[PDB]
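Next up is one chain by itself, shown in structure tokens, the form solved without its partner chain.
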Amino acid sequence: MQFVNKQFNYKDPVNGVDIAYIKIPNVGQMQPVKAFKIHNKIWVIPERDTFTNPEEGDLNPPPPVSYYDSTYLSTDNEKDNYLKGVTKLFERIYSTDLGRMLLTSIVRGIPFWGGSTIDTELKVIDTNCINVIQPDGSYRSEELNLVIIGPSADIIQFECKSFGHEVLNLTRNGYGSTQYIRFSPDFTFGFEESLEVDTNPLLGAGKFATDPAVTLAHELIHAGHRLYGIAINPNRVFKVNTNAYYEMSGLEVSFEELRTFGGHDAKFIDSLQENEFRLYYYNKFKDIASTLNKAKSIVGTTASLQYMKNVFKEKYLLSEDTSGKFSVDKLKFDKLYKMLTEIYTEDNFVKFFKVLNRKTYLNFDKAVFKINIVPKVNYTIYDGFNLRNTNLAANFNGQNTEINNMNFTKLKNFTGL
């Protein structure tokens, strides 16, 4: 089966269900934006993100390694191609067993109902919803797990972000929260095939293009961590001392990025600090089990208390004794924690897609390219750029920007800067 069962066009009429104008709660200011529900719990907003951070409302460039284009994603044809590009990447990810596992975990990873001030009841947290304009002009609040949205002013700053909370560190206390991924299918980075070149800031022009399915999978791995409330505080950083150029500029890379890349990178998180993180999150899951056991009713008519207790029993793989009380089993916790942090990694997706990719997160990006993955003559669910039964099938020739030059327009060189 396919992950996105409908092929949306941007101009398809709104229906108030899976094609709708929506607002993001606590932005209020905003005019409704057209949004598309491409799968249970997952929406796409083909708009530049001027909404999730009120200090980031201006796409115009100031007078770094950055890329600005205030006009990108401003027209209907662009939003149509954005929507279709994003859906194609979800299908490419879902066509692998690994991406099928990751996307199943993401859909199951409903943000915890921890918005009550009274431990006698469960209550949704408002900011894990969107407000959907119905056909009768009224708003209905819909819980969701993931929104794909266009980048803000700096086009290259893809990131998985989410609405904070006064008291609760939702992405690190086991609860989770709705994740907003700033992402574009319309650009990709160039990188170098020799490790000594790719990790040197002065060398290489970016001969090979990153497959954007890897880039989206990388962000979805962050989203999985954040939906299960086990992201590592970005303040916890590897003060990189394995690359003389990183050291010269004092570049610090968060453990959350090294975990997400996987492979050799994750080994830069020392065993003692990893063990500390694992214990910390185990304790958060126990807190959720204790909260569920104290819950004696629920706010809302969306679902029953027993129903939602069971949703979170399944999400966190809790055990239930003959009295109905929930508990955290260390064996099942370690299994889920390890799936989300060690099995879902960038390096492992590279193995499934059979693409060329950076060998480490600890490199230097060489260039940014404009691409168009929507035409099947350029890029397919099954092959990405390396189209079978063409000259592009072998040796990653489709990602080779010199051989496949009509599929890539270099917009900026970063090497030197």
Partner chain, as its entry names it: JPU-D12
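Definition used throughout: the rigid core is the maximal C-alpha set that superposes within 1.5 Å between two forms. Numbering follows the first chain given and starts at 1.
Larger average C-alpha displacement in 5 other deposited structures of this protein, relative to the shown form after a rigid core fit, is seen for 266-274 when comparing 170-178 with 266-274. In a rigid core superposition of the other structures in 5 other deposited structures of this protein, 276-284 and 147-155 differ in how far their CA atoms stray, and the farther one is 276-284. Across the other PDB entries of this protein whose models span the neighbouring residues, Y246 goes unmodelled in a third or more. In none of the other PDB entries of this protein that model the residues around it does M30 lack coordinates, well short of a third. In the deposited sequence, the stretch from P63 to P64 hides 4 to 9 residues that have no coordinates. Set 372-380 against 54-62 and average the Cα temperature factors; 54-62 ends up higher. Here the stretch with the larger average CA B-factor, out of 26-34 and 39-47, is 26-34.
Per the deposited coordinates, the residue with the largest Cα temperature factor out of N391, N363, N357, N348 is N391. Take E166, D97, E219, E342 and read off each C-alpha B-factor from the entry; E166 has the highest.
In the deposited entry, the Cα temperature factor of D119 sits in the top third of values across the chain's modelled residues.
Residue-level temperature factors show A213 in the lowest third of its chain, judged at the C-alpha atom. Remark: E256 belongs to the middle third of its chain, ranked by C-alpha B-factor as recorded. Among all modelled residues in its chain, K315 ranks in the middle third by Cα B-factor. Looking at the C-alpha B-factors along this chain, the one for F187 belongs to the lowest third.
Absent from the display: the form solved in complex with its partner chain. The rest refers to it.
Mapping the unseen interface onto this chain, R108 counts among the residues with a heavy atom inside 4.5 Å of its partner chain in the deposited complex. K286 falls outside the set of residues with a heavy atom inside 4.5 Å of its partner chain in the deposited complex. Within 4.5 Å of some heavy atom of its partner chain in the deposited complex lies at least one heavy atom of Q306. The closest non-hydrogen atom of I118 lies beyond 4.5 Å of its partner chain in the deposited complex. Although the partner is absent from the chain shown here, none of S70, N77 and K410 has a heavy atom within 4.5 Å of its partner chain in the deposited complex. Residues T302, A303, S304, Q306, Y307, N310, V311, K313, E314 are the members of 302-329 with a non-hydrogen atom no more than 4.5 angstroms from its partner chain in the deposited complex.
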